Amino acid sequence: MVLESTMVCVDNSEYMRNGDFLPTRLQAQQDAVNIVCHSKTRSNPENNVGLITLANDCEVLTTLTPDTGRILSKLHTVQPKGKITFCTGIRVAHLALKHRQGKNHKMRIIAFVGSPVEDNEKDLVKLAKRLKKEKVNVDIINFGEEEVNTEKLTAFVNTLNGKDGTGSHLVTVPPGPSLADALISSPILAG
Amino acid sequence: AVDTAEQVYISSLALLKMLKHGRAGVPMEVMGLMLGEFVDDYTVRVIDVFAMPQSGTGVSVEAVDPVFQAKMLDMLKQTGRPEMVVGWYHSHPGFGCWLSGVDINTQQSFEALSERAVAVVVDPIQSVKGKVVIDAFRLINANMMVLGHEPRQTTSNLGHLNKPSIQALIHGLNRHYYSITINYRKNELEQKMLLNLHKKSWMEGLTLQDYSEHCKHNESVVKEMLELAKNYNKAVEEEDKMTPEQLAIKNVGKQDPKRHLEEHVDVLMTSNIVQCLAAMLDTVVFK
Amino acid sequence: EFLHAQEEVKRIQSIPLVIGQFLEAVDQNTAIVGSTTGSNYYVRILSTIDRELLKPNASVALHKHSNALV
Amino acid sequence: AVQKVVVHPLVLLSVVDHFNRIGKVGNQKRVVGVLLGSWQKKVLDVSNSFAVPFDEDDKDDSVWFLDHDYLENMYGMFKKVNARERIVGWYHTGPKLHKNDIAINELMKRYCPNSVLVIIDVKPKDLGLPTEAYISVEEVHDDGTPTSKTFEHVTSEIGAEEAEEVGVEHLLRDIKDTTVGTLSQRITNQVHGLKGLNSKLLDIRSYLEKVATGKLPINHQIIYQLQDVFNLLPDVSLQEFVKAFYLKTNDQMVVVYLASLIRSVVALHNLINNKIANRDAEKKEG
Amino acid sequence: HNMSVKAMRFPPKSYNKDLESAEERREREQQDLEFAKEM
Amino acid sequence: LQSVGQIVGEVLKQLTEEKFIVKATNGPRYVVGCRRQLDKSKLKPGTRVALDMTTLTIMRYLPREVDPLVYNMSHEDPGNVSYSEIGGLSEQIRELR
Amino acid sequence: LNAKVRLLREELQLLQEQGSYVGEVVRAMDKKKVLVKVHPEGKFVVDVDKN
């Protein structure tokens with residue numbers, strides 16, 4: 001019985017908009033977000049969800065709210081554009097987790113990857129250990145044009161949760177054009 | 001039981017908020033709720049107040065409306081302010097300080113929720129440049145009076161410093177409720193900040209005014225000075241030709257130059273001296 | 001202190017006002033005036049007001065309850 | 001656009017206690033809130049304000065967080081109690097303006113196309129006003145950018161309403177001006193002016209010292225204004241100016257002469273009256 | 001002028017008389033107020 | 001059953017921004033205040049106003065009175081007589097018309 | 001100066017008392033009784049103060 005506050009971090013870059021899947025990866029994000037937010041709503045009725053975008057400079061669309069329809073409507077009007085600034089996006093997401101009405105709630109951040117990322121090893125390891133210092137768990141969904149062997153992501157697994165605990169998890173890219181939400185239905189509960 | 005040494009401490013912001021809110025709705029009785037804490041059972045501190053929506057076409061509003069109150073209480077917490085409500089307040093415009101008949105029933109609800117609440121009444125139009133009229137009351141029950149006992153047991157003499165007004169006695173007061181003393185808490189930071197009112201920039205003290213209207217004003221003043229000078233000796237001569245018992249009443253309808261010339265002298269001297277000195281130092285401050 | 005004290009006496013001027021006609025001044029700070037209600041009164045004058053403006057048929061404003069010249 | 005802004009003491013007290021109650025929890029540096037007020041002609045009035053959750057990181061000046069829903073619902077909630085007020089701008093208690101101010105101003109320009117930024121100092125140490133008012137504008141020059149966003153200052157002052165005036169008068173029991181006359185007309189005007197002028201000259205001294213030795217980002221508008229300042233100083237050695245000055249001073253002193261004469265006459269009359277009236281009181285006792 | 005005001009208050013002396021309104025009128029006023037309150 | 005009436009009077013002039021002097025239907029004249037939200041540009045001398053019965057503050061302005069006698073006099077004619085029922089004076093009727 | 005200040009405060013206090021009517025006396029009586037008539041009412045027979 002956990003009270004959980006979730007932050008969704010959605011990509012809309014110019015590589016994510018690529019359409020290797022049967023629909024555009026936009027619709028993959030929409031229906032994946034739909035199923036995960038529905039799962040988190042039946043996880044606990046008084047949970048709340050917030051939304052932020054990844055662009056040249058990140059920006060928040062909705063503060064933590066228990067409602068669902070506003071999130072769907074807000075993300076439905078998004079337009080694919082921009083680059084990826086993963087580090088600053090995670091930083092402002094962590095800022096949004098603070099100043100939260102649910103002081104007794106449990107933090108949770110879910111991230112989307114659909115574009116190449118220019119991450120720095122020392123920067124990412126410092127960020128990972130700092131985020132551990134404040135007891136923060138992060139789940140990351142990589143798909144589409146995946147990073148090379150997700151090797152940067154692997155460093156996170158080495159640094160972030162994954163050792164002496166199962167508080168974090170990573171889902172690999174689903175290469176097939178078929179609906180990826182059904183494939184990722186299992187790890188979200190088995191993470 | 002309760003004693004007569006109970007104290008209430010009101011901040012400056014709460015006072016100014018409630019005063020402005022009461023003055024805004026002058027013709028009717030607006031109301032709101034306070035918030036603070038009870039550090040002990042001798043002193044109660046109030047730190048913030050907020051007004052509440054009213055139903056128009058009347059002069060009284062029922063306090064039962066849980067949605068707004070609950071929303072405000074759960075929203076103020078997000079930015080500090082973990083305090084709870086301690087009572088309510090409403091304003092009597094130009095009447096005084098008392099509790100009307102319905103007011104006992106209105107405060108009965110707060111008494112039921114918490115037995116040590118208080119009611120604050122502020123008079124917005126009877127106060128001017130000090131001596132703001134604010135009173136604080138609590139209710140009593142008649143069954144305890146049937147027992148031949150009186151509430152507010154007295155342990156010291158600091159509770160009877162102010163004698164109540166006759167209009168408070170005319171209404172219920174001591175046979176229905178008791179008043180408590182009041183105090184304002186002051187600190188150095190807000191007091192030092194607040195004294196900046198009406199302060200003017202350094203520009204206003206170095207301008208030396210136009211040299212054309214000044215001579216016009218002096219010329220205007222000199223003529224009335226001349227006329228009062230001419231009228232002085234007439235009143236000087238007849239100062240003792242009439243008995244002095246009616247001397248004061250003789251100056252009840254017409255002006256007297258003696259009192260009416262000193263103000264001219266004063267304003268004229270002040271203006272001339274300051275106008276000279278300003279130019280005097282300005283001639284050398286700049287180049 | 002006197003400067004502060006001279007200002008607190010303006011508490012009796014806010015709402016209670018009735019218009020009347022000045023009739024006579026028997027002596028200092030005391031007069032007789034006739035209100036528009038229809039009756040005359042022998043009342044007391046406020047100290048700080050300027051006695052020079054009290055002309056025979058001037059119009060003045062009086063307290064509602066104490067019915068004193070204000 | 002905007003000529004003057006007027007600030008009531010209520011928002012000052014609200015700023016002070018908001019800063020106190022939010023800084024007691026932890027070591028934050030800057031806090032943000034939104035103002036409410038009114039317009040008339042070109043004069044702006046500020047009445048009250050409420051706080052808002054704000055977060056900013058010292059690591060970088062490009063990351064910060066505000067709340068939208070909080071602002072929206074709180075404005076809607078204050079709408080139900082007084083409909084005359086409206087959003088006019090925001091305030092931050094920073095000692096000096098920061099880099100992120102342009103971004104926040106752009107963010108909340110949605111709710112008011114003419115947002116006005118106000119800076120309030122929470123621990124002043126001088127006699128100057130605690131408030132400063134800025135408005136955004138687009139500036140154009142030769143090269144670099146067709147337009148650039150830049151703040152411009154607007155005159156501000158502290159006003160008062162009747163109820164607010166009586167409240168602040170009741171609160172200021174200890175401190176009150178000694179006399180009203182040449183005293184308040186001299187010290188409150190002249191010496192403070194000298195203080196302010198010296199402070200301004202010291203600040204411009206400091207900036208000029210920063211150049212030609214240190215950083216040296218030579219800027220030309222400051223130089224143009226300095227030339228204009230140093231060219232506008234009048235000359236007081238001219239014969240005609242001296243003659244006119246002497247003529248006006250000699251014209252002015254006669255009035256003081258006359259007034260002093262009248263005062264002496266009145267004093268003699270008062271002395272005579274008192275002596276005559278009082279010498280006729282000892283014999284009544286027998 | 002200053003000299004004149006310096007020779008101002010010499011002749012006044014023995015003015016200890018200080019009566020405000022009355023001596024026993026306070027009791028009558030209090031009795032009237034109590035009677036009005038009772039009614 | 002939770003409302004009260006208001007006295008009716010006529011305004012004469014205003015001393016300052018917040019003070020007016022008004023006369024009731026009967027004799028006495030009062031120096032009174034006004035409501036804050038009410039507009040002050042419509043209060044020309046001679047208009048009719050409504051005042052509170054416990055504080056005597058301006059609350060509302062009203063249109064001019066119409067007497068019940070004049071209202072009764074305005075319209076009372078169930079008759080429907082036309083020019084065909086009157087004869088013998090066809091010249092004076094033209095002179096009047 | 002102190003006497004002036006105290007007198008001012010007491011003068012503020014003593015301005016909330018009732019006024020007194022003016023009337024015309026027609027004729028007196030025995031044992032301190034007079035008959036007076038004030039215009040907005042009838043005739044009253046009253047007594048006289050001790051001074």
# chains A, B, ... in the order shown; residues from 1 in each chain; ligands from 1
call {"tool": "closest_atom_pairs", "arguments": {"of": "chain C", "to": "chain F", "cutoff": "6 Å", "atoms": "only C-alpha atoms", "output": "Markdown table"}}
result
| residue | atom | partner | partner_atom | distance |
| --- | --- | --- | --- | --- |
| C:17 | CA | F:31 | CA | 5.5 |
| C:18 | CA | F:30 | CA | 5.1 |
| C:19 | CA | F:29 | CA | 5.9 |
| C:36 | CA | F:28 | CA | 5.4 |
| C:37 | CA | F:28 | CA | 5.8 |
call {"tool": "write_last_selection", "arguments": {"atoms": "N, CA, C and O atoms", "output": "short mmCIF file (atom, residue, chain, number, x, y, z; two decimals), in the first residue's frame"}}
result
data_model
loop_
_atom_site.label_atom_id
_atom_site.label_comp_id
_atom_site.auth_asym_id
_atom_site.auth_seq_id
_atom_site.Cartn_x
_atom_site.Cartn_y
_atom_site.Cartn_z
N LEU C 17 -25.29 63.58 12.39
CA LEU C 17 -25.33 64.97 11.95
C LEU C 17 -26.78 65.37 11.71
O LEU C 17 -27.52 64.64 11.04
N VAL C 18 -27.17 66.51 12.26
CA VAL C 18 -28.43 67.15 11.91
C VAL C 18 -28.15 68.62 11.64
O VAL C 18 -27.33 69.24 12.32
N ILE C 19 -28.81 69.17 10.63
CA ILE C 19 -28.60 70.56 10.22
C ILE C 19 -29.52 71.46 11.03
O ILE C 19 -30.72 71.18 11.15
N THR C 36 -33.90 71.76 12.89
CA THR C 36 -34.98 71.64 11.92
C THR C 36 -36.09 70.71 12.38
O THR C 36 -37.13 70.64 11.71
N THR C 37 -35.90 70.00 13.49
CA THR C 37 -36.96 69.15 14.02
C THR C 37 -38.17 69.99 14.43
O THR C 37 -39.32 69.59 14.21
#
call {"tool": "interface_residues", "arguments": {"of": "chain B", "to": "chain A", "cutoff": "12 Å", "atoms": "only C-alpha atoms", "output": "MDAnalysis selection string"}}
result
chainID B and resid 74:80
call {"tool": "write_last_selection", "arguments": {"atoms": "N, CA and C atoms", "output": "PDB file, in the first residue's frame"}}
result
ATOM      1  N   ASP B  74      -6.852  24.158   3.036  1.00  0.00           N
ATOM      2  CA  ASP B  74      -5.943  23.192   2.427  1.00  0.00           C
ATOM      3  C   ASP B  74      -5.049  23.806   1.359  1.00  0.00           C
ATOM      4  N   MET B  75      -5.336  25.029   0.913  1.00  0.00           N
ATOM      5  CA  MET B  75      -4.484  25.687  -0.066  1.00  0.00           C
ATOM      6  C   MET B  75      -3.437  26.586   0.573  1.00  0.00           C
ATOM      7  N   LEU B  76      -3.743  27.191   1.722  1.00  0.00           N
ATOM      8  CA  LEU B  76      -2.753  28.026   2.396  1.00  0.00           C
ATOM      9  C   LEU B  76      -1.578  27.203   2.903  1.00  0.00           C
ATOM     10  N   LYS B  77      -1.802  25.921   3.199  1.00  0.00           N
ATOM     11  CA  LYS B  77      -0.741  25.080   3.746  1.00  0.00           C
ATOM     12  C   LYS B  77       0.385  24.858   2.743  1.00  0.00           C
ATOM     13  N   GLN B  78       0.086  24.934   1.446  1.00  0.00           N
ATOM     14  CA  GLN B  78       1.081  24.652   0.417  1.00  0.00           C
ATOM     15  C   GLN B  78       2.203  25.680   0.369  1.00  0.00           C
ATOM     16  N   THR B  79       2.060  26.809   1.055  1.00  0.00           N
ATOM     17  CA  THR B  79       3.053  27.879   1.064  1.00  0.00           C
ATOM     18  C   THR B  79       3.306  28.332   2.499  1.00  0.00           C
ATOM     19  N   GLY B  80       3.583  27.370   3.377  1.00  0.00           N
ATOM     20  CA  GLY B  80       3.673  27.670   4.793  1.00  0.00           C
ATOM     21  C   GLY B  80       2.295  27.667   5.434  1.00  0.00           C
TER      22      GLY B  80
END
call {"tool": "closest_atom_pairs", "arguments": {"of": "chain C", "to": "chain D", "cutoff": "12 Å", "atoms": "only C-alpha atoms", "output": "tab-separated table"}}
result
residue	atom	partner	partner_atom	distance
C:1	CA	D:176	CA	10.8
C:3	CA	D:178	CA	10.2
C:4	CA	D:176	CA	10.0
C:8	CA	D:170	CA	11.8
call {"tool": "write_last_selection", "arguments": {"atoms": "N, CA, C and O atoms", "output": "mmCIF file, in the first residue's frame"}}
result
data_model
loop_
_atom_site.group_PDB
_atom_site.id
_atom_site.type_symbol
_atom_site.label_atom_id
_atom_site.label_comp_id
_atom_site.auth_asym_id
_atom_site.auth_seq_id
_atom_site.Cartn_x
_atom_site.Cartn_y
_atom_site.Cartn_z
ATOM 1 N N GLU C 1 2.944 65.525 23.534
ATOM 2 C CA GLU C 1 1.686 64.835 23.817
ATOM 3 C C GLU C 1 0.470 65.682 23.456
ATOM 4 O O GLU C 1 -0.556 65.136 23.029
ATOM 5 N N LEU C 3 -0.010 67.723 20.999
ATOM 6 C CA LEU C 3 -0.331 67.620 19.575
ATOM 7 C C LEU C 3 -1.155 66.373 19.271
ATOM 8 O O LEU C 3 -2.104 66.428 18.480
ATOM 9 N N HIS C 4 -0.811 65.240 19.886
ATOM 10 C CA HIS C 4 -1.618 64.035 19.713
ATOM 11 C C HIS C 4 -2.989 64.185 20.356
ATOM 12 O O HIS C 4 -3.996 63.733 19.799
ATOM 13 N N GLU C 8 -7.700 63.639 18.922
ATOM 14 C CA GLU C 8 -8.609 62.551 19.266
ATOM 15 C C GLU C 8 -10.054 63.001 19.448
ATOM 16 O O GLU C 8 -10.932 62.144 19.582
#
call {"tool": "interface_residues", "arguments": {"of": "chain E", "to": "chain B", "cutoff": "10 Å", "atoms": "only C-alpha atoms", "output": "ChimeraX atom specification"}}
result
/E:33-34,36-39
call {"tool": "residues_around", "arguments": {"residues": "residue 50 (chain B)", "least_positions_apart": "3", "cutoff": "9 Å", "atoms": "only C-alpha atoms", "output": "VMD selection string"}}
result
chain B and resid 14 17 to 18 32 to 35
call {"tool": "closest_atom_pairs", "arguments": {"of": "chain E", "to": "chain D", "cutoff": "8 Å", "atoms": "only C-alpha atoms", "output": "tab-separated table"}}
result
residue	atom	partner	partner_atom	distance
E:1	CA	D:264	CA	5.0
E:4	CA	D:267	CA	6.4
E:5	CA	D:267	CA	7.2
E:7	CA	D:271	CA	7.9
E:8	CA	D:271	CA	6.3
E:11	CA	D:278	CA	6.6
E:12	CA	D:278	CA	6.8
call {"tool": "closest_residue", "arguments": {"among": "D:125, D:149, D:248, D:4", "to": "residue 106 (chain D)", "atoms": "only C-alpha atoms"}}
result
D:149
call {"tool": "residues_around", "arguments": {"residues": "residue 62 (chain F)", "least_positions_apart": "6", "cutoff": "8 Å", "atoms": "only C-alpha atoms", "output": "list in words"}}
result
residues 47, 48, 49 and 50 of chain F
call {"tool": "closest_atom_pairs", "arguments": {"of": "chain B", "to": "chain F", "cutoff": "8 Å", "atoms": "only C-alpha atoms", "output": "Markdown table"}}
result
| residue | atom | partner | partner_atom | distance |
| --- | --- | --- | --- | --- |
| B:24 | CA | F:36 | CA | 7.1 |
| B:25 | CA | F:36 | CA | 7.4 |
| B:26 | CA | F:35 | CA | 7.2 |
| B:27 | CA | F:35 | CA | 6.6 |
| B:57 | CA | F:3 | CA | 7.5 |
| B:58 | CA | F:3 | CA | 6.5 |
| B:94 | CA | F:55 | CA | 7.6 |
call {"tool": "atom_distance", "arguments": {"atom1": "CA of residue 105 (chain A)", "atom2": "CA of residue 3 (chain A)"}}
result
4.8 Å
call {"tool": "select_by_dssp", "arguments": {"residues": "region 12-56 of chain C", "states": "helix (DSSP H, G or I)", "output": "VMD selection string"}}
result
chain C and resid 12 51 to 53
call {"tool": "residues_around", "arguments": {"residues": "residue 180 (chain A)", "least_positions_apart": "3", "cutoff": "12 Å", "atoms": "only C-alpha atoms", "output": "mmCIF file with C-alpha atoms, in the first residue's frame"}}
result
data_model
loop_
_atom_site.group_PDB
_atom_site.id
_atom_site.type_symbol
_atom_site.label_atom_id
_atom_site.label_comp_id
_atom_site.auth_asym_id
_atom_site.auth_seq_id
_atom_site.Cartn_x
_atom_site.Cartn_y
_atom_site.Cartn_z
ATOM 1 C CA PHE A 21 6.514 1.897 -36.421
ATOM 2 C CA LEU A 22 3.185 1.289 -38.147
ATOM 3 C CA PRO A 23 1.850 4.616 -36.797
ATOM 4 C CA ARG A 25 5.829 7.242 -32.649
ATOM 5 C CA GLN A 27 0.627 7.704 -31.238
ATOM 6 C CA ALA A 28 2.880 5.130 -29.581
ATOM 7 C CA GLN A 29 3.572 7.691 -26.870
ATOM 8 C CA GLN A 30 -0.112 8.587 -26.580
ATOM 9 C CA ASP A 31 -1.410 5.048 -26.112
ATOM 10 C CA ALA A 32 1.546 4.014 -23.927
ATOM 11 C CA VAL A 33 0.920 7.022 -21.676
ATOM 12 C CA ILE A 35 -2.189 2.563 -20.474
ATOM 13 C CA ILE A 141 11.433 3.580 -21.577
ATOM 14 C CA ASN A 142 13.706 3.527 -24.629
ATOM 15 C CA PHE A 143 12.212 2.910 -28.068
ATOM 16 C CA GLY A 144 12.451 3.951 -31.697
ATOM 17 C CA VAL A 171 12.917 -1.435 -20.808
ATOM 18 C CA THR A 172 14.796 -2.105 -24.042
ATOM 19 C CA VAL A 173 13.708 -0.839 -27.458
ATOM 20 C CA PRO A 174 10.978 -2.910 -29.148
ATOM 21 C CA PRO A 175 12.227 -3.165 -32.745
ATOM 22 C CA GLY A 176 8.964 -4.489 -34.181
ATOM 23 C CA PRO A 177 6.412 -2.075 -35.646
ATOM 24 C CA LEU A 183 4.928 -5.495 -24.905
ATOM 25 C CA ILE A 184 5.733 -2.998 -22.127
ATOM 26 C CA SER A 185 2.585 -3.961 -20.192
ATOM 27 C CA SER A 186 4.590 -6.564 -18.249
ATOM 28 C CA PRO A 187 7.724 -4.625 -17.130
#
